[PDB]
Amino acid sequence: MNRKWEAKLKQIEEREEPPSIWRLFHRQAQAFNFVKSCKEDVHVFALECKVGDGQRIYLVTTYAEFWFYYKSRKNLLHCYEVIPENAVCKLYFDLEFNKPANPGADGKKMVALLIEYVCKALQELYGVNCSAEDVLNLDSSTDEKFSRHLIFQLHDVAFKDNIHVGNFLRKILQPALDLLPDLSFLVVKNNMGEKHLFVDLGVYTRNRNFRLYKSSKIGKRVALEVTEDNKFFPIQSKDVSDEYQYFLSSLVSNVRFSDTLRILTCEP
């Protein structure tokens, strides 16, 4: 209620060919206005400008059409998915830690330990069954930063929205947050030596952008790619490429339609 008000208060302050939808907007609110008026299943992507800052331009189109002009990786570099507020979404993680500050850290093993804990939490709290085979593991690491994105592919399950995902993780990670069951493997140090969590809990905000599979930040050149030890394999289909399957799986807001979907909620 107070979330919408500020959203529209800032909007006034800053105020035959084949079927193809490809609309750009300078403001995020305009893009979502178009989505509400479009009868097709279109979504909002955030595109970083040539400027060095985090200035974004917003694209609206379908997943199929976006992938058409995106897969070559010649154009549409540095793209982000906009996770809409109040939209059902998958369980996803942003994992980071500075390598110099953590010499003994084995990120590959912290990830495995994290997945096991989260899978146990989902079982005890929601009766949801899942394992590492249901977790799309993406990597964007460099010499200086260990970086991974995890996107859970739960069978006929989703969270009410990404805010509720955050509430779920803050709840089950409260032990680790106190260090700042034994969750100490999640504790890492940043460039200044301050103890932080291996799980970045700041990416569960309204309209959070989330770097797309095979995209990099405008400053760098390292793009998100399926990790070497990734264990989620989409069901192969003769009608779509494997890469498109991974793309769809990687989209946090692309909740597969199911006639028996369970929606998980979690309040603060």
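Residues carry their position along the shown sequence, with the first being 1. We call the rigid core whatever largest set of C-alpha positions still superposes within 1.5 Å between the two forms.
Enquirer: Following superposition on the rigid core, is the mean squared CA displacement, expressed as RMS, greater for 259 to 267 or for 2 to 10 in 5 other deposited structures of this protein?
Expert: Between 259 to 267 and 2 to 10, the one lying farther away in 5 other deposited structures of this protein is 2 to 10.
Enquirer: Count of coordinate-less deposited residues separating residue 113 and residue 114, as none, 1 to 3, 4 to 9, or 10 or more?
Expert: Gap between residue 113 and residue 114: none.
Enquirer: Note how many residues of the deposited chain are left out of the model between residue 15 and residue 16; the options are none, 1 to 3, 4 to 9, and 10 or more.
Expert: Unresolved stretch here: 10 or more residues.
Enquirer: Could you settle it for me: does 215 to 223 or 196 to 204 have the higher average Cα B factor in the PDB entry?
Expert: According to the entry, 215 to 223 carries the higher average C-alpha B-factor.
Enquirer: Given the B-factors recorded for C-alpha atoms, which segment has the greater mean, 42 to 50 or 232 to 240?
Expert: The recorded data point to 42 to 50.
Enquirer: Highest CA temperature factor in the entry: which of 135, 177, 158, 83?
Expert: Highest C-alpha B-factor among the listed residues goes to 177.
Enquirer: Out of 131, 191, 167, 147, which one has a C-alpha B factor higher than all the others in the entry?
Expert: Answer, based on the entry's C-alpha B-factors: 191.
Enquirer: Considering only modelled residues of the same chain, in which third does the CA B-factor of residue 124 rank: lowest, middle or highest?
Expert: It falls in the middle third of the chain.
Enquirer: Rank-wise, by C-alpha B-factor, drop residue 67 into the lowest, middle or highest third of its chain.
Expert: As the PDB entry reports it, the C-alpha B-factor of residue 67 lands in the middle third of its chain.
Enquirer: Quick check for you: using the entry's CA B-factors within this chain, is residue 250 in the lowest, middle or highest third?
Expert: For residue 250, whose C-alpha B-factor we compare with every modelled residue in the chain, the answer is the lowest third.
Enquirer: Using only modelled residues of the chain, where does the Cα B factor of residue 74 rank: lowest third, middle third or highest third?
Expert: According to the entry, residue 74 has a C-alpha B-factor in the chain's highest third.
Enquirer: Compare the C-alpha B factor of residue 261 with those of the other modelled residues in its chain, then answer lowest, middle or highest third.
Expert: Answer is middle: the recorded C-alpha B-factor places it there.
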